[PDB]
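Understanding the architecture of this molecule
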Amino acid sequence: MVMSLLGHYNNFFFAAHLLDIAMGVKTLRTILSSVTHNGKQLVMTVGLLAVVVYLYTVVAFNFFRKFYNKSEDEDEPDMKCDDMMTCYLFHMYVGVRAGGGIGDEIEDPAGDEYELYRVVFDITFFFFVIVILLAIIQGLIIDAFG
Amino acid sequence: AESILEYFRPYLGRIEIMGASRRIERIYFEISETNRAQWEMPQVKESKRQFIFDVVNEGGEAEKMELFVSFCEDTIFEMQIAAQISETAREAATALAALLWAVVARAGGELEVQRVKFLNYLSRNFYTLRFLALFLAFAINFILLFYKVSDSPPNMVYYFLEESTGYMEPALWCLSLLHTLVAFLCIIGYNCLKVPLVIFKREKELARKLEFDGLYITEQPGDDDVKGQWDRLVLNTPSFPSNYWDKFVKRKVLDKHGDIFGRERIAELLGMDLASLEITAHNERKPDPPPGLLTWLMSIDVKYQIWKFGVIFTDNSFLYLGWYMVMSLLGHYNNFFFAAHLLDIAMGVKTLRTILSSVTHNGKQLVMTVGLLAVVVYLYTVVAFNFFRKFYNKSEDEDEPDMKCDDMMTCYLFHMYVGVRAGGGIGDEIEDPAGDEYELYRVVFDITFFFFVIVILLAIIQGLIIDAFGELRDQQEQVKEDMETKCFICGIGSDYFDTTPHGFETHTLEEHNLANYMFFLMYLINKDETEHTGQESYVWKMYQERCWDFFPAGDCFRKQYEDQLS
Ligand SMILES: Nc1ncnc2c1ncn2[C@@H]1O[C@H](COP(=O)(O)OP(=O)(O)OP(=O)(O)O)[C@@H](O)[C@H]1O
Ligand SMILES: [Ca+2]
């Protein structure tokens, strides 16, 4: 009722009705219920992913400052390593997505210093929050529907 | 007589044993109310849960009852030990952090006496100290989330830039000072509370091994286990049974094997030399030596102290707490070392401990699979090292100082670091094979590389870790459910008891209940041997002789008397 009434506010609020109804045929209601059926462990797993990404953020904050830049010529006003908050946001928003961890969006480690101290960082980041953690999260929701 | 029966319902306790008649018999006794009151303690219930999960899951049906009786013997110990208790980004960050914390809390000479008075307070409330430690770690990390680095001091300076509010800067200092103390309190509480359990367990196990076996006198020590060797340094001490009840157990071993072997050798191996003095001590009377308080108390068994310290340090929980200590201490090195605490604690809620254990649960094949992936990538590296040199370059104009094909080491590193990741094998990061030469000799290389180390090998590795977690969940579910379809004492399930309504509740609540035996074992202790009934002494004799035939194991008063009582 209230959304239908607010629809006459000259807006698209009518676009929020289809949903509620679309979920009338069970085979979709079960899907919608699967999200919260097993959420008590889903929230813990999400928290674990968040703390692992934060751990990597603080590891790379005071060791790999000179890599996190967006490669702008003659000036680098954008550095995602100076503040802890911006670095954490950048990791949590870019590294999780992408194919492969934060090895596709930062400078090449071809430089002599810390090369072997960052190749392992990239590999373990790709191995611990992409091929296991996201796999587990996707598995939990899909398996509950089954 | 309904009223008296109802009043006396929570005291009478039924058990069922068989023996000397080859038929099931009933027993009755009185359950003291203090024991029932102390039964529902926070530690006791979780210990029972852990014990039942361990017994049902780790395989049984042969030593099950022996482990049951052993658990009873151990749990009596802390039932005793319980006696000593008498008296913008910031807007988003706060909202998200509060949600995470909320769900975690939803599932998380005469002057020396005052020292003991204050120290006994820690053992009473021990879990809350750990709760406070987790809370402090959370708060200090959330404060840490506001750091910044500048090229000049306010040579890089890690100056902490707070918000417009000038507060919360010294709060970091005070919280850092407070966290170390509230973790040291946890350490002291653990050293005061839990270590008697493990010490007593080891003492009891050694006493059982010596009494009913000659592993340290007759045949040989196993000489292959650190636990089975480090204990050789305590046999000579005069105070070996420090916490076990049998404080004169040394007599039994020499009385059982001191004749078949060298009696002097036996009486010298176990310390306690000159057994004539021990024999003649109980001849005239019991003298009372004068007290030597605070004068000769320094003289203590050095060997026993060393052995106890070894048993302490070989443990895992205490080592974990000490690791927490050392990291907290190193935190005051003006660093982020406080960021390594959240973890250890975060893994407190099981549903995460199972995930953490799944990584190493099946690692014995995981390492082999990783090695196989490494050798396959190396094989492709040596295949492409002497055939496809002119492709591996980073496309720099007018000069190519960077070639990842010249050295074998650089080529292998480049493959192992780039090709595995990426979507598709090494076909997205090197030159196009459109050139006429070797085109069909490299298209197949790219395709097979994408097919053999990406869509199979990584899939297998991801499958192994994920599936193990599923197996762990299934194991926990099965250990929860199996106990709901059997009795853990009877050798039969719920199907036969379900022929009548509430049959299983009747077979589990008033008949053998897994808790009536708990009261029975310590009720036998209180009543002197002269007052034992015609059956109490019967079971007590076997219990002292370690024969578990008196458990029913197959039928409980109903299969025997089906026709007479249906
Ligand atoms: N032989 C048995 N002894 C005890 N409980 C049994 C037995 N067989 C089945 N059960 C089931 O186990 C329940 C008690 O054991 P459980 O491990 O669940 O105890 P708990 O976790 O302390 O809590 P609660 O007693 O409320 O279930 C009984 O209520 C019954 O449903
Ligand atoms: Ca008598």
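Residues numbered from 1 in each chain as written, not as in the entry; some residues may be left out. Chains lettered and ligands numbered in written order. Part of a larger assembly, values for the part shown. Heavy atoms only, no water. Residues with missing side-chain atoms left out of burial classes, pairs and counts.

The deposited coordinates, according to the entry record, derive from cryo-EM at 3.9 Å resolution.

Turning next to the overall build of chain A. From N to C terminus, chain A includes seven helices and zero strands. From first element to last, N terminus to C terminus, chain A shows the α and β order α-α-α-α-α-α-α. Relative to the 2.2 N^0.38 estimate, which gives 15 Å for 146 residues, the radius of gyration of chain A is 21 Å and therefore markedly larger than a compact globule would have. Reported as C-alpha extents along the three principal axes, the dimensions of chain A are approximately 65 × 40 × 20 Å. A fraction of 53% describes how many contacts in chain A between residues 6 or more apart in sequence connect residues 24 or more apart. (Helix = DSSP H or I, 4+ residues; strand = E, 2+ residues; numbered from the N terminus. Rg over C-alpha atoms; globule rule 2.2 N^0.38 Å. Contact = heavy atoms within 4.5 Å.)

What follows concerns the interface of chain B and chain A. At the interface, 27 residues of chain B touch 33 residues of chain A. Carbon and sulfur atoms make up 75% of the area that chain B and chain A hide from each other, which totals about 3,200 Å². A per-residue breakdown of the area chain B buries against chain A is headed by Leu145, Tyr417 and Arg421 of chain B, which together make up 21% of the total. Inspection of the region where chain B meets chain A yields one salt bridge. At the boundary of chain B with chain A, the tally comes to five residue pairs in polar contact. Considering each element in turn, the side of chain B that touches chain A owes the most residues, six residues, to helix α21 (residues 457–482) of chain B. (Buried area = accessible area lost by both parts, 1.4 Å probe. Salt bridge = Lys/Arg side-chain N within 4 Å of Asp/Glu carboxyl O. Polar contact = N/O pair within 3.5 Å; in protein donor to acceptor, adjacent residues only side chain to side chain.)

A few words on the site of ligand 1. Residue and element names in this part refer to chain B. In the vicinity of ligand 1, the residues found are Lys48, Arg49, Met483, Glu484, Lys486, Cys487, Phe504, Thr508, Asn513 and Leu514. For ligand 1, an oxygen atom lies 3.0 Å from a polar atom in the side chain of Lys48. Here an oxygen atom of ligand 1 and a side-chain polar atom of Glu484 are 3.1 Å apart. Considering ligand 1 on its own, with 600 Å² of exposed area, one finds that the protein chains cover 59% of that surface. (Near = heavy atom within 4 Å. Areas by Shrake-Rupley, 256 points an atom, 1.4 Å probe, with all protein chains shown as cover.)

Axes are the key here: two packed helices are described by the angle between their axes and the distance separating the axes. Residues and elements named next belong to chain B. Across the interface, helix α8 (residues 169–193) lies against helix α15 (residues 317–331) with an axial gap of 10 Å and an inter-helix angle of 160 degrees. On the basis of the axis angle, α8 is roughly antiparallel to α15. Of the two elements, α8 crosses α15, and the hand of that crossing is left-handed. Residues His179, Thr180, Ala183, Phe184, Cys186, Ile187 and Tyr190 of α8 form the contact with α15, whose participating residues are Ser317, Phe318, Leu321, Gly322, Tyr324, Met325, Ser328 and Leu329. Partitioned by chemical class, the residues of the contact of α8 with α15 number ten nonpolar, five polar and no charged. (Axes fitted to C-alpha atoms, helices over the stretch in contact; angles between N-to-C directions. Parallel < 35°, antiparallel > 145°, perpendicular 65-115°, else oblique. Left-handed = near helix turned anticlockwise from the far one by under 90°. Nonpolar A, V, L, I, M, F, W, Y, C, P; charged D, E, K, R; others polar.)

The UniProt feature table records "intramembrane region" at residues 409–428 of chain B. For the annotated span residues 409–428 of chain B, helix accounts for 55% and strand for 0% of the residues, and the straight-line distance between the end C-alpha atoms is 21 Å. (UniProt positions renumbered as here; feature names shortened; annotations may be inferred.)

Turning next to the UniProt feature "intramembrane region" in chain A. Sites flagged by UniProt as "intramembrane region" map to residues 85–104 of chain A. Annotation note: span residues 85–104 of chain A, helix share 55%, strand share 0%, distance between end C-alpha atoms 21 Å.

Once that is clear, we can look at the side chain of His532 of chain B. Residue and element names in this part refer to chain B. Its location among the elements puts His532 in the loop between α23 (516–526) and α24 (536–545). Among the polar contacts listed, one links the side chain of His532 to the backbone oxygen of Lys527, at a separation of 2.9 Å. In this structure the side chain of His532 is engaged in a polar contact, spanning 3.3 Å, whose partner is the backbone oxygen of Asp528. Ignoring sequence-local partners within four residues, the contact set of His532 consists of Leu524, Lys527, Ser537 and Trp540.

Residues and elements named next belong to chain B. A complete count under the given rule lists twelve salt bridges over all chains for this structure. With a shortest N-O distance of 3.8 Å, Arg202 and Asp231 are connected by a salt bridge. Note that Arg202 is positioned in helix α9 (residues 195–212) and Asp231 in the loop between α10 (226–230) and α11 (250–257), a separation of 29 residues in sequence. You can call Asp231 buried: its relative accessible area is 5%. When salt bridges that share partners are traced, they join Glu66, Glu73, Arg208 and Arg546 into one network. (Buried < 20%, exposed > 50% of the residue type's maximum accessible area, 1.4 Å probe, protein only.)

What follows concerns the UniProt feature "transmembrane region" in chain B. All names here are of chain B. In the numbering used here, UniProt assigns the "transmembrane region" feature to residues 126–146, 170–190, 309–331, 333–349, 365–385 and 449–469. Strand forms 0% of residues 126–146 and helix 86%; the C-alpha atoms that close the span are 32 Å apart. End C-alpha to end C-alpha, residues 170–190 measures 31 Å, and it is 100% helix and 0% strand.

Here we take up a positive patch on the surface. All names here are of chain B. Taken together, the side chains of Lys48, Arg49, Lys350 and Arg353 present a region of like positive charge at the surface. Of all the secondary structure elements, the ones that give two or more residues to the positive patch are α3 (42–57) and α17 (350–361). Mapped onto the fold, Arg49 is located in helix α3. Residue classification places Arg49 among the exposed residues on the basis of a relative accessible area of 52%. (Patch = residues over 30% accessible without salt bridge, like charges linked within 9 Å, V, L, I, M, F, W, Y side chains within 5 Å. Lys, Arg positive; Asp, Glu negative; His and termini not counted. Charge placed at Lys NZ, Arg CZ, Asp CG, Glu CD.)

The next thing to look at is a nonpolar patch on the surface. Residue and element names in this part refer to chain B. Nonpolar side chains collect at one region of the surface, where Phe450, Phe451, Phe452, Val455, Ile456 and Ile460 lie side by side and expose about 490 Å² of accessible area between them. Per element, the largest residue contribution to the nonpolar patch is three residues, and it comes from helix α20 (residues 440–452). Within the secondary structure, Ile460 is located in helix α21. What makes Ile460 partly exposed here is its relative accessible area of 42%.

Another point: the packing of aromatic side chains. Applying the stated criterion across every chain yields a total of 58 aromatic pairs over all chains. Between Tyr244 of chain B and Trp245 of chain B the ring centres are 5.9 Å apart and the planes differ by 35 degrees, which places this aromatic pair in the tilted class. Using a relative accessible area of 8% as the deciding quantity, one classes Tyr244 of chain B as buried. The partly exposed category is assigned to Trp245 of chain B, whose relative accessible area is 34%. Every member of this aromatic cluster is reached through a ring pair, and the members are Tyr56, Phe63, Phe64, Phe67, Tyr114, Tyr117, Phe121 and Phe125 of chain A. Across the ring face of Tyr93 of chain A, the terminal group of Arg97 of chain A is positioned such that the distance to the ring centre comes to 5.1 Å. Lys559 of chain B extends its terminal NZ or CZ atom over the ring of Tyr496 of chain B, reaching a point 3.9 Å from the ring centre. (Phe/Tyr/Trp six-rings, centres within 6.5 Å; stacked < 30°, edge-to-face > 60°. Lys NZ or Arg CZ within 6 Å of the ring centre and 35° of its normal.)

This brings us to helix α5 (residues 84–95) of chain A. A rise of 1.5 Å per residue sets the reference length of α5 of chain A, with its twelve residues, at 16 Å; its end C-alpha atoms lie 16 Å apart and thus fit the reference within 8%. Where α5 of chain A is buried, its residues touch α4 (39–61) and α6 (116–128) of chain A together with α7 (127–144) of chain B. (Expected span 1.5 Å × (residues − 1).)

Moving on: unusual backbone geometry. All names here are of chain A. A positive phi angle, near 60 degrees, is found at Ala98, a position not held by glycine. Mapped onto the elements of the fold, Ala98 is located in the loop between α5 and α6. We classify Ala98 as partly exposed; its relative accessible area is 38%. Non-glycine residue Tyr114 carries a positive phi angle of around 65 degrees. Note on placement: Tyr114 falls in the loop between α5 and α6. For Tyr114, a relative accessible area of 46% translates into the label partly exposed.

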